[PDB]
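The next block holds one structure in the form of structure tokens; read it before the comments.
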There are 6 protein chains.
Amino acid sequence: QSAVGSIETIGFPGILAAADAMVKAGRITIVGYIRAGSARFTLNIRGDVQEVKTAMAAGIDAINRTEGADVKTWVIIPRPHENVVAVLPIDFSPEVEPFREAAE
Amino acid sequence: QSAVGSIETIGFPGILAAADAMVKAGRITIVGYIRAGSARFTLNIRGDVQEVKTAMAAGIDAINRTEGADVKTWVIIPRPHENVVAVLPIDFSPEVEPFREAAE
Amino acid sequence: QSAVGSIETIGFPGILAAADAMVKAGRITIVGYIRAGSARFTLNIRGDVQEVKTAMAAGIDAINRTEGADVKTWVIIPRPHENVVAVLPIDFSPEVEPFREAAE
Amino acid sequence: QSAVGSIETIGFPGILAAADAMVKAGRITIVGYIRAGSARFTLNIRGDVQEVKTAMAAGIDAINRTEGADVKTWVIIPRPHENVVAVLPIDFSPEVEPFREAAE
Amino acid sequence: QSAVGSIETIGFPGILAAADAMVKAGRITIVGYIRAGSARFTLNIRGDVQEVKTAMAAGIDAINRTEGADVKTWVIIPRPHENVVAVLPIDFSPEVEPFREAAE
Amino acid sequence: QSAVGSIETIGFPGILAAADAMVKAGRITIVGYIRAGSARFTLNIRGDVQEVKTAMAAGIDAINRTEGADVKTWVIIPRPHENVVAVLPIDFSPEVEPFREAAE
Ligand SMILES: [N+]
Ligand SMILES: [N+]
Ligand SMILES: [N+]
Ligand SMILES: [N+]
Ligand SMILES: [N+]
Ligand SMILES: [N+]
């Protein structure tokens, strides 16, 4: 199981900015997003632990540069258990398959 | 990939005002809107980077002029990655196709 | 494209009061309402710009008279672009067609 | 068109208490409820204007007596326009038909 | 119509604790739960008025003992009208039928 | 009926961190998660009471170590009643069946 990165911000523009910076800075795959409530949005990414780390730094940076956006919470999980991958929306799907193949 | 603009405000009237000003001021396509929670609404637009910039300025202006509405957060992403376009609701749809053709 | 009026209040009773006052005061058509989150509700109306203006004043007045209700935000857009009408829930539907014919 | 009464409170127990008091105190029909967001709940009722008035007073009273519940907002509309009845969830349905017949 | 008890707390763990205490302390049936918004959860129960009273006391107690949980609002309605039972999610379903038979 | 553990935090990254720590620290099964509103997320786990206790401690610890995340509320129920298991989303599903077999 490749690493998972998760970042949450207030407002959609901030999560859009994080999304674009993350996938450009590291060899990662964006696997989904969550409308968390209270105008907060979560972005979930997958890839090698070091690539997720690089992406996360660029994501935080993009959010800081985005007007009205703030990073509320983030985490990187190096080797997520299969039970976690199954229950939480962090698994790969066929939609993001071309981006998974390109990342690895 | 043409640029993406994203703007978020408190209240629907403000997002309606932004929508109408943006599409009239620049050669852009409104691709969707998000009900973000907490009475916040997101509008997403696509087009040439300079047209999105012109639209964004007019959108911010329309929101400022709208009673009880405030721009909470906004961003412009010049060349959004395909993985971002696929996962986030910023892609073109057939509904907005006549407006895409007119913009370009 | 006939004008669009949009009004948002805290609480459903206030939006009910606005709805009834607006359609009685001007020859307008109520096209929909939005559950905006945080107990806020949006009402969207269509009609001639002057009729929408008359309706909006009566709506604001009805909300002010309604216990526990306050107008949070409102706007009137005289000639909404087709792209806006398509993406945002402000278009006419067959349900409100008898009221459209009666208004014009 | 018979009158419409609308009451909103914080918390579900309060709306349950209002519901039961209203239908017992007046010859009214409960037509629906709304989960308004932020733990607020709306109850909508229909009937003769005087019966709705009697029910509303009993509803407010029940909410006041309910632990942790407060009436946030309420309204009575004597003769709701058909456009309002169609768009907003205040119309009769077959589910509440036996209670409509009993009320009148 | 047997009595209805309704309790609301902040957070799901608190409603889980209330659920388990209520059904163990009294001869009642849990009929459903509501995700009320703002991280608030409602639990609805049915049974004899005295059994609902006993359950409610145990539920409040369980919530008080639960870390980070507080009872926000609660009510007991002895003989809920049929119109209330039909419109609000407080009626018995086949899923909870074995627990209804065991309670009575 | 095996024990149930429930933990709630602000933000998705915190619930992801709790998920991975819990399943690795104890022989437990993650049965589901809840989008609770207000950017709060609930995680529900099942297993032997002592395993759930070990997992819960590791979960709390993971949340404390996660940037911007805080444990809002948690509970452990040793022997949940069948009525609770049926109504609330805490039961096993075929998706988590391989993890149930591995835990026991
Ligand atoms: N920012
Ligand atoms: N404004
Ligand atoms: N008011
Ligand atoms: N109360
Ligand atoms: N508590
Ligand atoms: N933390």
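Chain labels run A, B, ... following the order of the structure tokens; each chain numbers its residues from 1, and ligands are numbered from 1 in the order shown.
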Kindly determine which residues of chain D lie within 12 Å of chain F, considering only C-alpha atoms, and give the answer as a PDB file with N, CA and C atoms, in the first residue's frame.
ATOM      1  N   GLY D  37     -30.769  22.259   8.772  1.00  0.00           N
ATOM      2  CA  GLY D  37     -29.333  22.437   8.980  1.00  0.00           C
ATOM      3  C   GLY D  37     -29.077  23.127  10.305  1.00  0.00           C
ATOM      4  N   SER D  38     -27.873  22.949  10.842  1.00  0.00           N
ATOM      5  CA  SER D  38     -27.495  23.486  12.159  1.00  0.00           C
ATOM      6  C   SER D  38     -28.400  23.006  13.297  1.00  0.00           C
ATOM      7  N   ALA D  39     -28.872  21.765  13.175  1.00  0.00           N
ATOM      8  CA  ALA D  39     -29.751  21.132  14.168  1.00  0.00           C
ATOM      9  C   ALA D  39     -31.100  21.818  14.301  1.00  0.00           C
TER      10      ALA D  39
END
Using only C-alpha atoms and all ligand atoms, what are the residues with an atom within 7 Å of ligand 3, set out as a list in words?
-> residues 63, 64, 65, 66, 67, 68, 69 and 70 of chain C
Calculate how many Å separate CA of residue 16 in chain E from CA of residue 7 in chain D, rounding to one decimal.
-> 29.1 Å
Shell around residue 54 in chain C at 12 Å using only C-alpha atoms, local window under 5 positions removed, as a ChimeraX atom specification = /C:5,21-28,45,47-49,59-61,76
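Across the model, the gap from CA of residue 13 in chain E to CA of residue 6 in chain A is 23.8 Å.
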Can you list, as an MDAnalysis selection string, every residue of chain A that DSSP puts in strand (DSSP E or B)?
-> chainID A and resid 3:10 28:37 40:47 67 71:77
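Of note, CA of residue 86 in chain A and CA of residue 14 in chain F are spaced 17.1 Å apart.
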Can you list, as a ChimeraX atom specification, every protein, DNA or RNA residue that comes within 10 Å of residue 91 in chain E when you count only C-alpha atoms, leaving out same-chain residues fewer than 2 positions away?
-> /E:1,4,30-32,44-46,82,84-89,93
